[PDB]
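Have a look at coords_16.cif below; it lists mmCIF, C-alpha atoms and all ligand atoms.
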data_target
loop_
_atom_site.group_PDB
_atom_site.id
_atom_site.type_symbol
_atom_site.label_atom_id
_atom_site.label_comp_id
_atom_site.auth_asym_id
_atom_site.auth_seq_id
_atom_site.Cartn_x
_atom_site.Cartn_y
_atom_site.Cartn_z
ATOM 1 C CA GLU U 340 70.798 78.747 -16.497
ATOM 2 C CA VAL U 341 73.411 81.453 -17.216
ATOM 3 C CA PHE U 342 73.883 83.326 -13.932
ATOM 4 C CA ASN U 343 73.875 80.118 -11.835
ATOM 5 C CA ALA U 344 76.528 77.754 -13.215
ATOM 6 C CA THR U 345 78.462 75.094 -11.302
ATOM 7 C CA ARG U 346 81.795 76.339 -12.669
ATOM 8 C CA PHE U 347 82.670 79.390 -14.747
ATOM 9 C CA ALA U 348 85.271 79.273 -17.494
ATOM 10 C CA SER U 349 88.602 81.074 -17.392
ATOM 11 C CA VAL U 350 88.927 84.457 -19.089
ATOM 12 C CA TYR U 351 91.385 83.022 -21.658
ATOM 13 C CA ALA U 352 88.503 80.911 -23.090
ATOM 14 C CA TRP U 353 85.318 82.876 -22.403
ATOM 15 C CA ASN U 354 81.915 81.352 -23.160
ATOM 16 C CA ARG U 355 79.555 82.712 -25.818
ATOM 17 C CA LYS U 356 75.951 81.545 -25.204
ATOM 18 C CA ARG U 357 73.126 82.242 -27.675
ATOM 19 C CA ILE U 358 69.805 83.428 -26.234
ATOM 20 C CA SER U 359 66.843 83.530 -28.601
ATOM 21 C CA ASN U 360 63.059 83.268 -29.004
ATOM 22 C CA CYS U 361 62.098 84.387 -25.511
ATOM 23 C CA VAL U 362 60.840 87.322 -23.436
ATOM 24 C CA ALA U 363 63.599 88.923 -21.357
ATOM 25 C CA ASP U 364 62.443 90.442 -18.064
ATOM 26 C CA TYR U 365 65.389 92.552 -16.884
ATOM 27 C CA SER U 366 63.551 94.031 -13.888
ATOM 28 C CA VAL U 367 64.165 90.981 -11.685
ATOM 29 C CA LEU U 368 67.941 91.018 -12.217
ATOM 30 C CA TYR U 369 68.073 94.831 -12.095
ATOM 31 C CA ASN U 370 66.141 94.960 -8.813
ATOM 32 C CA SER U 371 68.250 92.117 -7.404
ATOM 33 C CA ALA U 372 70.770 93.452 -4.879
ATOM 34 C CA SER U 373 73.182 90.528 -5.339
ATOM 35 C CA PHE U 374 75.179 92.347 -8.040
ATOM 36 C CA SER U 375 78.150 94.493 -7.036
ATOM 37 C CA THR U 376 78.143 96.640 -10.207
ATOM 38 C CA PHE U 377 75.745 97.230 -13.108
ATOM 39 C CA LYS U 378 77.224 99.577 -15.729
ATOM 40 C CA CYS U 379 75.292 100.107 -18.968
ATOM 41 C CA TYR U 380 76.688 101.801 -22.077
ATOM 42 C CA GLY U 381 74.496 103.346 -24.745
ATOM 43 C CA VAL U 382 71.023 103.334 -23.194
ATOM 44 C CA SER U 383 69.844 103.646 -19.599
ATOM 45 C CA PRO U 384 69.062 100.371 -17.776
ATOM 46 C CA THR U 385 65.400 101.216 -17.085
ATOM 47 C CA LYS U 386 64.041 101.530 -20.632
ATOM 48 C CA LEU U 387 65.289 98.091 -21.762
ATOM 49 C CA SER V 155 64.787 52.362 -35.215
ATOM 50 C CA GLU V 156 67.941 54.463 -34.852
ATOM 51 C CA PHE V 157 68.872 58.019 -35.809
ATOM 52 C CA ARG V 158 70.388 59.344 -39.057
ATOM 53 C CA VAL V 159 71.294 62.230 -41.450
ATOM 54 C CA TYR V 160 71.123 64.865 -38.695
ATOM 55 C CA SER V 161 74.486 63.835 -37.270
ATOM 56 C CA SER V 162 77.454 66.118 -36.548
ATOM 57 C CA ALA V 163 75.432 69.315 -36.064
ATOM 58 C CA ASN V 164 78.174 71.863 -35.291
ATOM 59 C CA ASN V 165 75.680 74.312 -33.756
ATOM 60 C CA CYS V 166 71.935 74.735 -34.071
ATOM 61 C CA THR V 167 69.883 78.007 -33.898
ATOM 62 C CA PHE V 168 66.182 77.166 -33.585
ATOM 63 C CA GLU V 169 63.809 74.766 -31.842
ATOM 64 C CA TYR V 170 60.020 74.874 -31.481
ATOM 65 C CA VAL V 171 57.476 72.383 -30.208
ATOM 66 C CA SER V 172 53.900 71.772 -31.340
ATOM 67 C CA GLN V 173 51.297 69.012 -31.200
ATOM 68 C CA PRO V 174 51.579 66.170 -33.674
ATOM 69 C CA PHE V 175 50.656 66.451 -37.340
ATOM 70 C CA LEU V 176 50.117 62.907 -38.607
ATOM 71 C CA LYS V 187 41.601 55.953 -44.835
ATOM 72 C CA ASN V 188 42.978 59.418 -44.056
ATOM 73 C CA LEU V 189 44.099 61.906 -46.703
ATOM 74 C CA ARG V 190 46.671 64.454 -45.553
ATOM 75 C CA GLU V 191 47.051 67.686 -47.526
ATOM 76 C CA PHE V 192 49.793 70.241 -46.843
ATOM 77 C CA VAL V 193 50.795 73.556 -48.434
ATOM 78 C CA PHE V 194 54.253 75.072 -47.972
HETATM 79 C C1 LIG P 401 77.392 78.456 -35.761
HETATM 80 O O1 LIG P 401 78.678 79.076 -35.724
HETATM 81 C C2 LIG P 401 79.057 79.696 -36.962
HETATM 82 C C3 LIG P 401 80.459 80.225 -36.772
HETATM 83 O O2 LIG P 401 81.374 79.591 -37.657
HETATM 84 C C4 LIG P 401 78.050 80.782 -37.341
HETATM 85 O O3 LIG P 401 78.391 81.305 -38.619
HETATM 86 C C5 LIG P 401 76.637 80.215 -37.370
HETATM 87 O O4 LIG P 401 75.700 81.265 -37.578
HETATM 88 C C6 LIG P 401 76.324 79.506 -36.056
HETATM 89 N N1 LIG P 401 75.000 78.903 -36.089
HETATM 90 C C7 LIG P 401 74.658 77.890 -36.896
HETATM 91 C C8 LIG P 401 73.254 77.390 -36.759
HETATM 92 O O5 LIG P 401 75.444 77.402 -37.703
#
Could you show the structure in this file as structure tokens?
Ligand SMILES: *[C@@H]1O[C@H](CO)[C@@H](O)[C@H](O)[C@H]1NC(C)=O
Amino acid sequence: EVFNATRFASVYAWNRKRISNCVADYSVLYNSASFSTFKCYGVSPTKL
Amino acid sequence: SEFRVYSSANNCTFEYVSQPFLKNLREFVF
């Protein structure tokens, strides 16, 4: 519901969506080849 | 038959769903 949206907002008024009470599987999005760049700061993307 | 008191909720942070609670005596402890 976040990555697939009909229309994205302009950068002057960015959206701030709250995600809570759920299990976040980041392997599907990380393995997905559809992203052009995936830059993580702080911790490496595979231990999340 | 209509809704009340929980109007104009600026933003809400939690929702959970369970099966329903309620000659029958009903005791609860909070
Ligand atoms: C709603 O937004 C305010 C920002 O003014 C924030 O303080 C609050 O934690 C948010 N959530 C709820 C349930 O009010």
Surrounding residues as JSON, numbers by chain, ligand LIG 401 (chain P), max 8 Å, all atoms listed in the file: {"V": [164, 165, 166, 167, 168]}
Selected by the PyMOL selection byres ((chain U) within 9 of (chain V)) in the shown coordinates: which residues, as JSON, numbers by chain? {"U": [357, 359, 360]}
Record the distance separating atom CA of residue 372 of chain U and atom CA of residue 353 of chain U, expressed in Å with one decimal. 25.1 Å
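The space separating atom CA of residue 370 of chain U from atom CA of residue 384 of chain U comes to 10.9 Å.
Put simply, atom CA of residue 364 of chain U is 11.2 Å away from atom CA of residue 385 of chain U.
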Could you work out an axis-aligned box for segment 343-354 of chain U, taking every atom the file lists and adding 8 Å on each side, and report centre and edge lengths in Å to one decimal, as AutoDock Vina command-line options?
--center_x 82.6 --center_y 79.8 --center_z -17.2 --size_x 33.5 --size_y 25.4 --size_z 27.9
Sphere at (63.9, 95.5, -21.5), radius 7 Å, counting only C-alpha atoms: residues as number ranges by chain: U: 363-365, 386-387
